[PDB]
Structure formats: C-alpha cells, structure tokens
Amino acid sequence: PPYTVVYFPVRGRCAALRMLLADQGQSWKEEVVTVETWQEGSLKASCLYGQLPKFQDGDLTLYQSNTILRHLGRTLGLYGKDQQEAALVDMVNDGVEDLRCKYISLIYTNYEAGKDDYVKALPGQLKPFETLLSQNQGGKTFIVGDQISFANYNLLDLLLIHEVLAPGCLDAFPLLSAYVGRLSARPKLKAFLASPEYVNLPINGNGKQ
C-alpha cells in the first residue's frame, strides 16, 4: 500500500478485488475515470494494454484485473495453505474468468438475441463450482480449503451478478446458494456490499444486467 484502483464508474472487473480489500479491512483510493475523460485518449495510451483497471500499490503499477487479485492474494496470504491448494485456487479463478468472459460478451455484444441461450447453458456453467464445493468439507467453508483465498471473492461476484441476470439461477445448487449467503454475511463484506459506493454503481457500463 497505499492502494489505488483506477477504473470506470462501474462494478465490472473491479467488483471482486474491492470486496476482497473491504473484507480484509484494507483502505484504498478510488480513482474514477469517466468515459469522457477516457475518450480524451491520453490515459488509455499510457495503460500497458490500453485498458482499465489500473492498480497502484505504492510505487508498483499493475494492470489486468486477475493480476491485481493474485497480487493481493499473494501479499495478504489469501492464496492457499500450500502449493497444491494454490493450484486449485488458480483452477477456480480461471474457471471464474472463463464464465465472466462469456457474461461480458452477452452483456456488451448480444444481450437481446443471446440471453435465452445463455440462460439455458447457465446451469452447466455453474455445476463445476457446486461440485468443487461438494468436495471440500461438504461445501461449508470456502471454494478451496478452509481459508478465504482470493478466488472466492471473484467467484462470489460472478454468482451475485448472475443472480441479477437470471433470478433463481442458484436455486438448484444448495452449496452455492448457502455459500453466497455465508460469505455475504461476513461483517465487513456485508457492510461494503450495502454501501453506496457499491450499491449506487451499475454492474456494467452499458445499462444492462
């Protein structure tokens, strides 16, 4: 630290890392970039991959939402108890990222025409995470092992936004349903999730959800 997240005024790909920071009792600065400012072009040209989020941790500048999640997970000890759990943590997060990418595609490129098929395919897309839960302490703790690795925050966000896209999409999945309830009840996260800086931010940048 100090931590600074530079991003558009949406939850988007900063939602998970924000929940992580808040739940772990960290402080940070929100640098809000408006689409107007973004169109000016100077900031974009300075971003390694021409995109946000941009993350500052002291004198370290990072890009890539999952790089930030892994960085935070690594430095705060939320990356598994050993090399094996760590790999499983990656496997979960890579799974979360795959589905987030299809979600983002639906939202921004084909929402009207594609929503039905997407919702049909959703159960098969969620089953893996229910299954991971079923294989770890009866799904009563976290996605991997008994500590709250960074992948949980990313998974939690993926689940929450899919409840908005397709209400009831977790009804057929007891472990995922209870998982979201439990994690969302953690004191600091609950408070964060209920705050204006979260609630009054749209999930995506195009008005759809």
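One rule holds for the numbers: they count along the sequence shown, beginning at 1.
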item: 65-73 versus 167-175 - greater average Cα B-factor per the deposited record; value: 167-175
item: 8-16 versus 183-191 - which carries the larger mean C-alpha B factor in the record; value: 183-191
item: Member of 111, 129, 103, 79 with the greatest C-alpha B factor (per the PDB record); value: 111
item: Residue of maximum C-alpha B factor among 154, 34, 149, 51, per deposited coordinates; value: 34
item: Chain third (lowest, middle, highest) by recorded CA B-factor, residue given as residue 117; value: highest
item: Residue 123 - which third its CA temperature factor falls in, relative to the rest of the chain; value: middle
item: Chain third (lowest, middle, highest) by recorded CA B-factor, residue given as residue 45; value: highest
